[PDB]
Every structure is written in structure tokens, then in C-alpha cells.
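Residue numbers start from 1 in every chain, and the chains themselves are labelled A, B, ... in the order their sequence lines are given, proteins ahead of strands. Reckoned from all heavy atoms, side chains included, excluding hydrogens, waters and symmetry mates.
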Amino acid sequence: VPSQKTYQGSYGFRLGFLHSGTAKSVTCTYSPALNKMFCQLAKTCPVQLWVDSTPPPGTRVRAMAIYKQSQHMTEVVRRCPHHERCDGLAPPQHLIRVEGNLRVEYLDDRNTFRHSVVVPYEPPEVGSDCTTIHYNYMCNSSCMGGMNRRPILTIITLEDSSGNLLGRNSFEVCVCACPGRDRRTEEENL
Amino acid sequence: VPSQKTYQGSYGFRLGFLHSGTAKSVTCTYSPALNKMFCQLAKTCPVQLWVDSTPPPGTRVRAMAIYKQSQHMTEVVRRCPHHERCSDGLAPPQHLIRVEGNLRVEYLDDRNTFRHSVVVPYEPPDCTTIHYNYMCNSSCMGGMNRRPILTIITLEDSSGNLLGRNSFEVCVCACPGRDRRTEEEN
Amino acid sequence: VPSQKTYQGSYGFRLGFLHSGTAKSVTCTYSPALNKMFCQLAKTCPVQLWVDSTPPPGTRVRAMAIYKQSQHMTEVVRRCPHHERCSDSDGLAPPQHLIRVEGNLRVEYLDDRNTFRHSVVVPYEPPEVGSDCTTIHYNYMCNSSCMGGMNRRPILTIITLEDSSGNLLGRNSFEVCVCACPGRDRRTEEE
Amino acid sequence: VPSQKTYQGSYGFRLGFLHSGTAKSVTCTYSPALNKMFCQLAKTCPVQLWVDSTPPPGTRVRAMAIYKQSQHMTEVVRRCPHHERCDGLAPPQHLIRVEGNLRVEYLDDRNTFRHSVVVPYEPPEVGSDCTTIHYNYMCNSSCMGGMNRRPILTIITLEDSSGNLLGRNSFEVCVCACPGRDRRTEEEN
Ligand SMILES: *C[C@@H]1C(=O)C2CCN1CC2
Ligand SMILES: *C[C@@H]1C(=O)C2CCN1CC2
Ligand SMILES: *C[C@@H]1C(=O)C2CCN1CC2
Ligand SMILES: *C[C@@H]1C(=O)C2CCN1CC2
Ligand SMILES: *C[C@H]1C(=O)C2CCN1CC2
Ligand SMILES: *C[C@H]1C(=O)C2CCN1CC2
Ligand SMILES: *C[C@H]1C(=O)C2CCN1CC2
Ligand SMILES: *C[C@H]1C(=O)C2CCN1CC2
Ligand SMILES: *C[C@H]1C(=O)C2CCN1CC2
Ligand SMILES: *C[C@H]1C(=O)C2CCN1CC2
Ligand SMILES: [Zn+2]
Ligand SMILES: [Zn+2]
Ligand SMILES: [Zn+2]
Ligand SMILES: [Zn+2]
């Protein structure tokens with residue numbers, strides 16, 4: 001199973017998320033207490049990259065989903081049969097897409113059969129302190145043919161142009177209709 | 001500029017404050033005559049919620065800081081760059097107002113106004129108390145820089161409908177007891 | 001494992017370091033309490049050599065890094081795969097070597113044929129006109145936190161004074177952190 | 001030339017000193033009339049920090065010596081060659097050390113070449129009203145090749161974690177064999 005161990009590494013790599021709140025109209029919202037992103041099917045899911053020093057051009061950022069529970073960790077996370085039968089760049093089986101990036105790259109691992117999506121690292125824009133990638137999750141947590149309500153973790157890895165690992169972080173993910181209500185409910189139960 | 005007007009609304013919503021006095025040891029103290037809270041950096045600032053009838057479960061209580069002077073009211077109130085680099089794991093580093101001791105605390109960066117606020121669930125008690133922390137001094141250059149602020153406390157239902165609103169002024173300074181006594185002399 | 005045992009030897013060989021303090025912007029700074037240098041990736045790290053009597057011409061000054069923890073001491077300290085990738089600023093130095101010397105055209109780098117350890121050596125030069133010490137500017141080419149390299153493990157640098165034929169004359173050592181803000185890391189560690 | 005202007009600042013920074021008197025046995029004694037400390041070489045010289053409100057954690061306290069006389073003020077105060085010979089954590093050239101503090105930090109200023117010593121500000125223990133720092137002076141005022149009978153001032157500055165001035169005070173210092181007699185004799189004039 002792919003490592004999920006957090007490493008800030010040489011560049012001080014960590015993730016951040018918008019402080020979106022839990023209003024009914026929010027389409028994605030992150031829970032710091034749960035380290036868990038709540039988002040809507042195929043909607044924009046901003047993840048921020050925070051670094052202490054700037055990685056060189058050529059650095060790449062990879063995202064991969066794995067099942068959190070130990071008895072499902074060896075199963076490849078993929079879309080359900082229904083949603084797979086629905087882009088011109090992403091493989092129809094992949095749960096995680098990146099939108100708004102024409103240099104996006106998709107991988108089916110030839111040995112593990114796991115799916116991942118990678119984009120070029122770009123430094124923050126002029127007035128910004130973080131790089132933002134817009135992920136899309138293409139299947140509901142409740143899709144019976146896929147995750148089937150099993151919790152998943154998204155692993156974000158920073159790697160150089162030769163594939164050497166530079167840092168790693170991760171967050172749990174829920175894909176459901178009303179992420180504001182779901183966040184509020186799950187924090188009530190803790 | 002977000003609305004600052006007082007409204008007790010349907011539930012008779014008001015704010016209360018402990019009668020802590022101005023002895024040297026006080027870590028925070030409220031002046032009724034100035035409707036002003038004097039507190040210390042990152043120390044407990046208790047605010048009581050008074051209601052004539054209980055809001056339904058799912059009610060929420062929001063706090064937001066705004067500059068009091070009309071020439072500064074459109075500037076977002078945020079921590080100075082020094083303190084923003086100076087976390088509880090839950091709060092954004094730029095936010096002036098935190099809530100301590102509440103694991104269901106939620107923080108908002110408004111996508112369009114860019115203003116900061118902190119919201120907790122309303123819990124029934126004879127008063128509901130929220131422990132706020134103010135994370136930047138009134139005197140911080142680059143932050144409030146000696147400009148007066150108001151904290152706006154809003155009661156909202158679970159759908160975000162406004163139920164009531166109150167407010168108070170706040171000082172964040174090293175000796176709240178001495179500051180209150182001095183300003184009330186003028 | 002090469003020796004880290006301090007020995008002033010017959011020339012009274014000692015190390016000195018600038019008294020730089022811990023301001024946030026300082027580029028390197030040494031902690032006497034920790035016998036530890038805090039420096040930045042690829043930036044100047046001055047180390048002073050102090051001798052009681054002047055070593056003969058042909059004397060050489062070697063620097064080598066070793067891991068401090070016993071379960072890693074037989075591992076060669078080297079740059080991580082990421083940083084060991086060749087660059088156009090490598091110059092006179094092997095791309096795998098953690099420790100460089102800057103501003104010295106007579107610098108020499110060694111991959112030991114038998115132990116595979118890396119080291120960098122320069123001629124010993126006596127202090128200039130109105131000076132009491134000789135300064136060498138080292139650069140450390142990999143952060144302490146580099147994945148696939150030091151990977152947060154602590155290291156020592158061993159400075160040896162050698163004769164023209166390589167016999168040990170003197171030896172000292174110090175620990176090294178390579179991090180983004182040495183002033184902060186030192187002030188925080190001394191708490 | 002560093003500032004010696006007294007500056008109580010926002011925290012109400014003041015110095016205090018023990019009321020030690022001038023008996024023969026005393027090793028450090030302060031003259032209020034002269035604002036001048038009389039202490040022996042390398043012995044404990046206590047200096048109290050008094051504040052009206054507690055400065056934040058991360059505050060630091062710096063000490064630096066300058067020559068009191070205007071015609072010597074640009075000369076760096078340092079130890080004489082005799083005493084400078086190589087001790088613990090301190091640089092051998094530094095006149096002013098701090099005793100009993102593992103977090104002490106010493107600075108040779110890269111631009112002014114001045115020496116100084118810095119420790120973290122600690123608040124007074126609950127019950128106590130002031131913070132004491134134990135300084136040591138490592139050269140006699142009479143040392144040939146060092147101070148050479150020239151009077152010096154010790155400047156104590158309060159700074160925040162980024163080095164910004166919060167407060168400043170100063171006092172004269174005389175390092176000599178018998179501080180009690182020296183103080184008593186100097187107050188006769
Ligand atoms: C992290 C960055 C910033 O500095 C602000 C908030 C979110 N992104 C874009 C603007
Ligand atoms: C040891 C030498 C000197 O005599 C001064 C201080 C540090 N180095 C360079 C100049
Ligand atoms: C700077 C180094 C490191 O990276 C860890 C923590 C402190 N030192 C020793 C090990
Ligand atoms: C240091 C003292 C003085 O002030 C003078 C000269 C030497 N001792 C005795 C008298
Ligand atoms: C997203 C949500 C679900 O639907 C189950 C897995 C994780 N989280 C809790 C239960
Ligand atoms: C808290 C105190 C200050 O520091 C200024 C703004 C508000 N109040 C009066 C002056
Ligand atoms: C980059 C690579 C080369 O091409 C030679 C010089 C340094 N490195 C090893 C050999
Ligand atoms: C310590 C670190 C910082 O935070 C900036 C100034 C100096 N150094 C590089 C960037
Ligand atoms: C602050 C000062 C005093 O007044 C006594 C107690 C502690 N310190 C030394 C003596
Ligand atoms: C210590 C004594 C001296 O030797 C001169 C300077 C200060 N004090 C008075 C004169
Ligand atoms: Zn599906
Ligand atoms: Zn501030
Ligand atoms: Zn590296
Ligand atoms: Zn002397």
C-alpha cells in the first residue's frame with residue numbers, strides 16, 4: 001500500500017484549505033478538527049500547497065486516494081460503474097481529476113493498478129502565499145458500485161522532475177450533496 | 001460594511017458580562033459606562049448570551065470585529081504580520097478573534113468581503129458563556145494600530161437567518177484593570 | 001567509522017566560530033551551549049582554525065560529515081537523490097558531496113576508495129596580516145530535513161588537520177543543522 | 001555610537017539594585033547618588049528589571065558597555081589583552097558576561113563591532129516583584145590595554161523577539177578591588 005506518512009521535507013511542504021464555513025450554499029468545506037474535506041460531486045475542491053522555500057520549476061504534485069480502513073487498504077479506489085460510463089484528458093475510471101490545468105497527467109500504475117493525477121508545481125500568484133490546485137471528485141462517497149460509504153484518504157505528494165519524493169501530506173474526503181451539513185453533523189459527534 | 005445595528009429580535013437576545021472590577025490581577029474587565037471590554041492578549045474573555053426564550057438546537061453564535069471609526073470601517077480587521085507568524089490547530093493565523101475550549105468552533109473567511117468571523121453552536125446553560133481570545137494588541141503597528149474596534153455578536157439559525165445582534169467595543173492591552181479605570185476617568 | 005575524538009594535537013589546533021546571535025535574518029549562527037552550527041542550504045558557513053604554533057607548509061585541512069546516532073554512523077553522509085542531481089552551479093565539487101568549500105581554487109574532493117566516505121580538503125594557510133585565525137567558508141548542500149538524504153537525522157562535521165602525507169595532526173568536530181532560519185532554530189533549541 | 005537615552009517605554013522599564021551598603025566585605029554595591037555600580041572583577045553583579053506590565057514571552061534583555069567620555073565613545077569597550085587570553089559560553093574578548101543562565105547569547109555586531117550579551121526576559125516568580133540578572137565584568141577599570149582607568153556606561157535594553165527597542169536604561173560601572181571603599185570615597189566628593 002502507498003505510504004501515507006506525513007513529511008514536510010526540504011521545502012517545508014504542508015497543505016492548507018480555505019476557511020469556507022458550513023453555510024448551505026458552500027460546495028466544499030474542510031474540517032480542521034477532523035482533517036477532513038467535505039465536497040460535492042464534480043465540483044471545485046481547492047487544496048492549497050504551503051512551502052517555506054520555493055521548489056524549482058519541474059516539481060510535480062501528485063494526488064491519490066486510498067481506503068482508510070485496514071481491511072480495504074489493498075483495494076484500488078476507483079469510480080463506480082455508473083459514473084465511469086459518463087472530459088478528454090481524464091481516464092473514466094479515475095476518482096480524482098484536476099480542473100483548469102491543461103498540463104494535467106493521469107497514471108494507472110503498471111504494477112499496483114492504482115490511479116493518480118499529477119500537475120506541475122507553480123509558485124503562488126502575485127499577492128498569494130499558497131499554490132492552489134482545483135481537484136474534482138468524480139464519485140459520491142455513497143455510490144454503491146464504488147467507495148460504498150467506505151472512508152478514503154487523499155495523499156498529496158510533492159516530487160521533483162525525476163520522481164524523487166520531496167514531501168507528503170494527506171486528508172480524509174467526503175463527497176456528498178450538502179458538505180456544510182455533513183461537516184456540521186460529523187463534528188457534533190466528536 | 002456588515003450591519004452593526006442592535007436587534008434583540010424574536011428571542012430577546014442581549015449580551016452580558018461578568019462584574020470583574022478593576023483590581024490589578026484582572027485579566028479582563030467590562031465597562032458598562034463605555035460598553036467596552038478590556039482584555040489581555042490571548043487571555044479568556046467571557047461573553048454571556050442572554051435570551052428571553054431558548055433558540056432551537058442548531059442555532060449558532062458568530063463573532064466578528066469591525067473598525068469603529070467611519071474612516072476605517074471598510075478595512076478588514078486582522079492580526080498584524082508579526083502575530084500572524086507568532087496556532088491552536090483550528091484557528092486561521094490571520095484571525096483576531098478565537099474561541100477557546102470549544103471543539104465545534106468554526107472559522108470563516110468571507111469569500112467576497114474577506115472579513116473574518118468565528119462561530120460556535122448555541123448551547124443552553126443561567127447564561128450561555130463563550131470564551132473569546134483576542135490575538136493581537138490594540139497598539140500593534142500594521143494591525144489595529146490604536147484604532148478602536150467593535151465586536152459584533154450575531155445569533156443565527158441553522159440556515160443562516162439572522163435572529164439577533166449586539167455589540168461591544170474592545171481594548172486589548174497589558175493591564176485591563178488600569179486601562180478601564182483610566183478611560184472611565186475621562 | 002572515522003574517529004570523532006577531539007585532539008588539539010601538537011599544534012594546539014582549535015575551532016572558532018563567529019558570535020553571530022540569533023536574529024531572524026542571520027544566515028548562520030553557532031551555539032556554544034550545543035556545540036552546534038545552524039546554517040542555511042548552500043550558504044556561507046565560516047569556520048575558524050586557531051593554532052598555538054604555525055603548522056608547516058603543506059599542511060591540509062579536511063572536513064567530513066558523519067551521522068551522530070550509533071545506528072546510522074556506518075551510513076555514508078551524502079546528498080539526497082533530489083539535490084545530488086547535477087546542476088550548473090556544482091563547479092569544482094562532486095554533485096553527491098554534502099560539504100563544499102567556497103572561494104578556494106585549491107579545494108580537493110575525495111571519495112574514499114575503501115570506506116566510500118566523502119570529504120573536502122584545502123591547504124592550510126596561516127592567518128593574514130592583522131588576523132589571529134584562518135577562516136574556511138563551508139557550504140552544506142542538503143537540508144537536515146531532506147527526504148532520501150539526512151532525513152532529519154543529526155550529523156557531526158569532523159575537521160582534521162593533516163600533514164602533506166596525510167598523518168593526523170589535530171581534530172575537532174561540531175554538530176550541524178541545515179535549515180531555513182538558523183536564528184530561530186538555535187533560539188528555539190536553546191530553550 | 002549606541003543610544004544611551006533613558007526610555008521607559010510602553011512597559012515602564014526601570015532598573016533596580018540591591019541596597020548593599022559599603023562595608024569592606026561587599027562585592028558589589030550601587031550608589032544611587034552617582035547612578036554608578038561598584039563591583040569586583042568576575043564577581044556577581046545583580047541588576048534588577050522592574051516593569052509596570054509584563055512584556056510578552058520572547059522579549060529579550062541586552063547589555064552593552066560604552067565609554068562614558070565623549071572623546072572615547074566610538075571605541076569598542078573590550079577586555080584587555082591580558083584578560084582576553086583564553087570561560088564557558090562567553091567570547092574571551094567580551095567585558096560583560098551573564099552568570100547562571102544556560103540560554104545566554106553573545107553578539108559581535110557585524111557592522112558596529114560592538115559586543116553585547118542577551119538573555120531571555122523572564123517574568124518575576126509569583127510573589128516576587130522584579131527579575132534579576134547576574135552580570136559579571138571580566139576586566140578591572142584600571143587594566144592597562146583595556147579600559148585603562150576610563151569610565152564606562154552599561155546600557156540595558158529591552159527588545160522584542162525581532163530586536164525592536166522596547167526600553168532602555170543605563171548606569172555607570174567601576175570594576176575595582178574594594179567596591180565599598182571606592183563607593184564611600186567617591187561619594188565624599
Ligand atoms: C493561500 C492563498 C493566499 O495567500 C490567499 C488565500 C488563498 N490563497 C489565495 C489568496
Ligand atoms: C580570527 C580572525 C581575526 O583576527 C578577526 C576576527 C575573526 N577572524 C577574522 C578577523
Ligand atoms: C537541525 C537538526 C535536525 O534536523 C534534527 C533536530 C535538530 N538537529 C538534530 C536533529
Ligand atoms: C579602582 C580604585 C579607584 O577608583 C582608585 C584607583 C584604583 N582603585 C583605588 C583608588
Ligand atoms: C464521507 C462520509 C461517508 O459517507 C462515510 C465515510 C466517511 N464519512 C463518514 C462515513
Ligand atoms: C483600547 C484603547 C486603545 O488602545 C485605543 C483604541 C480603543 N481604546 C481607546 C484608544
Ligand atoms: C552531471 C554528471 C556528469 O555529467 C559528470 C559531471 C558531474 N556528474 C557526474 C559526471
Ligand atoms: C528565515 C528565513 C525567512 O523566513 C525569510 C528571511 C530569512 N530566511 C529566508 C526567507
Ligand atoms: C525584586 C527583588 C526584591 O525586591 C527582593 C526579592 C527579589 N528581588 C531581589 C530581592
Ligand atoms: C573604577 C573607577 C576608576 O578607576 C575610574 C573610572 C570609574 N571609577 C572612577 C574613576
Ligand atoms: Zn459513483
Ligand atoms: Zn499584533
Ligand atoms: Zn537534499
Ligand atoms: Zn583586564
Side-chain angles (χ1 to χ4, degrees), chain A residues 2-4 6-9 11-22 26-52 54-55 59-66 68 77 87 89-90 94-107 114-125 127-128 130-141 147 151-159 165-176 179-180 182-183, chain B residues 87 89-90 92-94 106-109:
Chain A
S3 168
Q4 61 183 79
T6 295
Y7 281 98
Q8 297 202 14
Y11 297 98
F13 173 64
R14 72 225 96 109
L15 301 179
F17 308 85
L18 293 173
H19 306 298
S20 295
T22 58
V26 306
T27 57
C28 66
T29 188
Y30 169 82
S31 172
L34 297 176
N35 185 34
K36 184 170 195 187
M37 176 58 90
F38 296 81
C39 63
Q40 291 186 310
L41 176 62
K43 294 264 203 306
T44 301
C45 176
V47 175
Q48 303 166 347
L49 315 179
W50 294 70
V51 291
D52 293 332
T54 297
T59 303
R60 276 150 56 90
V61 179
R62 180 179 308 271
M64 177 186 299
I66 64 164
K68 180 190 181 180
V77 174
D87 204 326
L89 307 165
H94 280 217
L95 175 69
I96 313 183
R97 300 186 185 167
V98 169
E99 59 153 318
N101 195 323
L102 306 172
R103 305 173 57 193
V104 69
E105 169 183 317
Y106 291 89
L107 179 68
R114 287 186 193 270
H115 305 162
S116 58
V117 57
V118 52
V119 292
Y121 178 87
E122 293 295 341
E125 295 190 56
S128 163
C130 72
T131 298
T132 294
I133 301 168
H134 287 163
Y135 292 107
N136 298 150
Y137 289 80
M138 298 310 295
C139 198
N140 291 311
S141 297
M147 293 175 278
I152 58 157
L153 188 78
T154 294
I155 302 165
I156 307 296
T157 47
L158 190 73
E159 40 187 277
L165 304 192
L166 311 176
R168 188 187 295 108
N169 212 310
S170 59
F171 57 95
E172 291 165 27
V173 182
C174 275
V175 192
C176 206
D182 295 322
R183 170 167 169 205
Chain B
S87 125
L90 309 165
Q94 295 178 355
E106 162 187 324
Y107 291 91
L108 174 64
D109 285 355

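- Counting heavy atoms from C-beta outward, A:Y135 and A:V117 have side chains that approach closer than 4.5 Å.
- The SG atom of A:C176 lies 4.5 Å from the CG atom of A:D182; values are rounded to the nearest 0.5 Å.
- Across all their heavy atoms, A:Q48 and A:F17 have their closest contact at OE1-N, 3.5 Å.
- Using a 4.5 Å cut-off on side-chain heavy atoms (C-beta onward), A:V47 and A:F171 make contact.
- Side chains of A:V61 and A:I156 form a contact here, defined as non-hydrogen atoms less than 4.5 Å apart.
- A:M138 CE to A:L95 CG: the interatomic distance, rounded to the nearest 0.5 Å, is 9.0 Å.
- Nearest approach of A:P32 to A:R183, heavy atoms of both residues: CD-NH2, 3.8 Å.
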Check the pair A:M37 / A:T154 against side-chain contact (heavy atoms from CB on, under 4.5 Å), numbers first and verdict last. CA-CA 9 Å; A:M37 176 58 90; A:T154 294; over 6 Å; no

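- Between A:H94 and A:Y106, the ring-plane angle classifies as perpendicular under the 30° and 60° cut-offs.
- A donor-acceptor pair is defined here as one N or O able to donate and one able to accept, closer than 3.5 Å; no such pair exists between the side chain of A:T6 and the backbone of A:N169.
- One N or O on the side chain of A:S141 and one on the backbone of A:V175 form a donor-acceptor pair closer than 3.5 Å.
- Residues A:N101 and A:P120 have side chains in contact (heavy-atom distance under 4.5 Å, counting atoms from C-beta outward).
- In terms of heavy-atom proximity, A:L41 sits nearest to A:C139 at CD1-N, 3.2 Å.
- A:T59 OG1 to A:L166 CG: the interatomic distance, rounded to the nearest 0.5 Å, is 6.0 Å.
- At least one donor-acceptor pair closer than 3.5 Å links the side chain of A:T131 to the backbone N or O of A:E122.
- Between A:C130 and A:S128, the shortest heavy-atom contact is O-OG, 2.7 Å.
- Closest approach of A:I155 and A:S3 over heavy atoms only: CD1-O, 3.6 Å.
- Residues that satisfy the ring pair (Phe, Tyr, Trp, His ring centres under 6.0 Å) test with A:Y137, not counting sequence neighbours, are absent from this structure.
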If you apply the rule side-chain contact (heavy atoms from CB on, under 4.5 Å), what do you find for A:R97 with A:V104, and how did you get there? CA-CA 9 Å; A:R97 300 186 185 167; A:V104 69; over 6 Å; no

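- Interatomic distance, A:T44 OG1 to A:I133 CD1, rounded to the nearest 0.5 Å: 13.5 Å.
- Of the possible donor and acceptor atoms, one in the side chain of A:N136 sits under 3.5 Å from a partner among the backbone N and O of A:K43.
- In this structure, A:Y30 OH and A:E172 CD are separated by 9.5 Å, a value rounded to the nearest 0.5 Å.
- Judged purely by atom type and a 3.5 angstrom limit, A:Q4 has no side-chain atom pairing as donor or acceptor with the backbone of A:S170.
- Contact annotation: the side chain of A:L15 approaches that of A:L49 to within less than 4.5 Å [non-hydrogen atoms, C-beta and beyond].
- The side-chain contact (heavy atoms from CB on, under 4.5 Å) check on A:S116 picks up A:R62, A:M64, A:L107, with sequence neighbours excluded.
- Heavy atoms only, all atoms of each residue included: A:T54 and A:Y11 are closest at O-CE2, 3.9 Å.
- Put simply, the side chain of A:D87 gets close to the backbone of A:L89: a donor and an acceptor are under 3.5 Å apart.
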